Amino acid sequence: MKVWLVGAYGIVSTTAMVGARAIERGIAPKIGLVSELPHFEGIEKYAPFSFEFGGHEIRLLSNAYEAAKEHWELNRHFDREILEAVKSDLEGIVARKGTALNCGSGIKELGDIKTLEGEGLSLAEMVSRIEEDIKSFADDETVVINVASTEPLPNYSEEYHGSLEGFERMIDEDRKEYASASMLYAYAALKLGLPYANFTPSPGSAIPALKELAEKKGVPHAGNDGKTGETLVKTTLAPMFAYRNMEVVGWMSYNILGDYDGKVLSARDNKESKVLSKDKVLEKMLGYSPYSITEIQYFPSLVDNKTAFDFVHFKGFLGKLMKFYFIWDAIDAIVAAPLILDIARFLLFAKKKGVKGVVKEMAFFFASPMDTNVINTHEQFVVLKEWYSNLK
């Protein structure tokens, strides 16, 4: 299958590419791949483990190997022998210039960038380049996945976001104020009849306009925002207090990280998308609102080794207060990268099975899952297993 990655030179993107190749060459295990669990045996009938890659970027590098290597130098998150083994493969992956339209002040942290909008292109002209890029690469087994930097909250517009007609009128009118890069890539993917997933808390296809487009086109889509680390633990652990009839009175989540993701998320406007995603999970599992504080701060020495410190203050029998602490220490690209490959496979599977619109049953992968109130990790995994079984 083919995967078009928006933000193709990112650490998550390049690790997914390195990882695909290393597994295909038989020099890495299948650990971390949800699609490789016994319950999903038979997936390879519709979505075998075989990947070709293309994508959009705004940072300037020659190919995905120079990109993967840049990240590897700072993080060393796979062995040099894996880097060497996948070199000629990744050297052949060359991203196309994309759009960073309305992607927030955090974008400046990426350094040297080139964009479609910086060429003077209108919305219609940008959509045409984006679509030409993708359609030149795409086949009948192609999926588009957004792993680009996190955008700020979009400028609100009922008219331009509320219906596909309104959104297409937005493009016709070149009303850039109400468009963001993530909507334009999603629009392009769905217009081309290609399954789409959003690994970020940027809007992407999560607006009614694009939800309507996906349904009309009969195209499956999924998101938003990878649930890889702290939020995974949060949606696994929070239910434990509810099952035991305890009240969570306070929940602190402090996340520190470096690298390009920490760098963009350090900006107050970009950060807001992520912070809301992380916070709002508690109410959806508990029914009520614990005093919740969630922060992300740049901490350059950690690079891609995002560390989270959580503190849960909870009441039990006779109103007595008690304390739980956790510290999560992992490489963000390690927990994220296989999920990209898993999502591509589940999207292709769903496409072949005639699924269209929001694949709500893919909630398990996401911190802000579209069209569902299933947030509990355990319930989500059951829903994913049962969905697949019902379609296999």
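Position 1 is the first residue in the sequence shown; the rest follow in order.
Comparing 275-283 with 109-117, the stretch with the higher mean C-alpha B-factor in the PDB entry is 275-283. For the two regions 308-316 and 134-142, the entry's Cα B-factors average higher over 134-142. Residues shown: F199, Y185, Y160, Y260. Highest C-alpha temperature factor in the entry: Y160. Of the candidates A242, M322, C103, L90, it is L90 whose Cα B-factor is highest according to the PDB record. For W72, the recorded CA B-factor ranks within the middle third of the chain. Only modelled residues enter the ranking. When the modelled residues of the chain are ordered by C-alpha B-factor, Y178 sits in the highest third.
When the CA B factors of the chain's modelled residues are split into thirds, the value for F53 lands in the middle one. In this PDB entry, the Cα temperature factor of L391 sits in the top third of its chain's modelled residues, the highest group. Per the PDB record, residue ranking by Cα B-factor puts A330 in the lowest third of the chain.
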